[PDB]
Amino acid sequence: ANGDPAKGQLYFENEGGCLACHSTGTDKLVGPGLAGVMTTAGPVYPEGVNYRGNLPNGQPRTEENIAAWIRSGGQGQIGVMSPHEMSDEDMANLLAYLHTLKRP
Ligand code: HEC
């Protein structure tokens with residue numbers, strides 16, 4: 001919505017620390033690559049991991065549930081997320097930058 005992908009990228013690289021665990025493409029550092037994470041197809045998971053088209057916590061793939069997962073974190077078959085509480089404008093910018101990540 002009212003998100004800034006430049007501020008979103010700055011939060012992704014510094015104030016959020018997401019790049020140190022997540023790749024902007026389809027590679028896997030600690031978690032899955034967030035390429036296409038904001039689309040209905042989801043990101044690229046390693047072979048064997050499957051959440052049945054939903055988030056690792058069980059909720060479907062929507063902006064609200066993805067934001068709630070990011071703020072809450074959790075553990076799935078791959079690794080462990082950390083809780084990243086953030087303001088609403090920062091979350092909007094972060095979701096915008098995640099939208100900028102396209103999965104081929
Ligand atoms: C290392 C501690 C990480 C940090 C820093 C960030 N993420 Fe994370 N993320 C990590 C793991 C190990 C996983 C997979 C969990 C599992 O085992 O199932 C994830 C997952 C996500 C997801 C969901 C992916 C999906 O397929 O639905 C999202 C949307 C996500 N991560 C986003 C995200 C953001 C916005 C971060 C900065 C606040 C961030 N991650 C940091 C590990 C780590």
# chains A, B, ... in the order shown; residues from 1 in each chain; ligands from 1
>>> residues_near_ligand(ligand="ligand 1", cutoff="7 Å", atoms="only C-alpha atoms and all ligand atoms", output="ChimeraX atom specification")
/A:12,16-22,30-32,34,37,42-43,45,54-56,66,69-70,74-82,84,94
>>> select_by_dssp(residues="stretch 1-101 of chain A", states="alpha helix (DSSP H)", output="mmCIF file with C-alpha atoms, in the first residue's frame")
data_model
loop_
_atom_site.group_PDB
_atom_site.id
_atom_site.type_symbol
_atom_site.label_atom_id
_atom_site.label_comp_id
_atom_site.auth_asym_id
_atom_site.auth_seq_id
_atom_site.Cartn_x
_atom_site.Cartn_y
_atom_site.Cartn_z
ATOM 1 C CA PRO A 5 10.752 -0.123 -1.326
ATOM 2 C CA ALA A 6 13.906 1.959 -0.780
ATOM 3 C CA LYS A 7 13.241 2.362 2.941
ATOM 4 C CA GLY A 8 12.103 -1.261 2.832
ATOM 5 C CA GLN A 9 15.475 -2.343 1.452
ATOM 6 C CA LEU A 10 17.292 -0.220 4.037
ATOM 7 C CA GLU A 63 -0.327 -9.786 3.516
ATOM 8 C CA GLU A 64 -1.858 -9.789 7.008
ATOM 9 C CA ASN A 65 -0.704 -13.314 7.868
ATOM 10 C CA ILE A 66 2.757 -12.759 6.374
ATOM 11 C CA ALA A 67 3.172 -9.571 8.419
ATOM 12 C CA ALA A 68 1.984 -11.403 11.540
ATOM 13 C CA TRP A 69 4.493 -14.189 10.865
ATOM 14 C CA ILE A 70 7.320 -11.678 10.396
ATOM 15 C CA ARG A 71 6.425 -9.901 13.642
ATOM 16 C CA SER A 72 5.904 -13.163 15.565
ATOM 17 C CA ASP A 88 3.295 -0.173 10.733
ATOM 18 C CA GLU A 89 5.026 2.154 8.255
ATOM 19 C CA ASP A 90 8.251 0.147 8.510
ATOM 20 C CA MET A 91 6.218 -3.016 7.920
ATOM 21 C CA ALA A 92 4.580 -1.419 4.871
ATOM 22 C CA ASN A 93 7.958 -0.439 3.407
ATOM 23 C CA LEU A 94 9.319 -3.923 4.139
ATOM 24 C CA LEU A 95 6.355 -5.590 2.421
ATOM 25 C CA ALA A 96 6.835 -3.270 -0.557
ATOM 26 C CA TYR A 97 10.490 -4.270 -0.882
ATOM 27 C CA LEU A 98 9.493 -7.930 -0.545
ATOM 28 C CA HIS A 99 7.066 -7.326 -3.415
ATOM 29 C CA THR A 100 9.998 -6.004 -5.462
#
>>> closest_residue(among="A:2, A:86, A:103, A:53", to="residue A:27", atoms="only C-alpha atoms")
A:103
>>> closest_residue(among="A:61, A:73, A:3, A:51", to="residue A:36", atoms="only C-alpha atoms")
A:61
>>> atom_distance(atom1="atom CA of residue A:11", atom2="atom CA of residue A:46")
26.1 Å
>>> atom_distance(atom1="atom CA of residue A:15", atom2="atom CA of residue A:49")
29.2 Å
>>> atom_distance(atom1="atom CA of residue A:24", atom2="atom CA of residue A:101")
6.4 Å
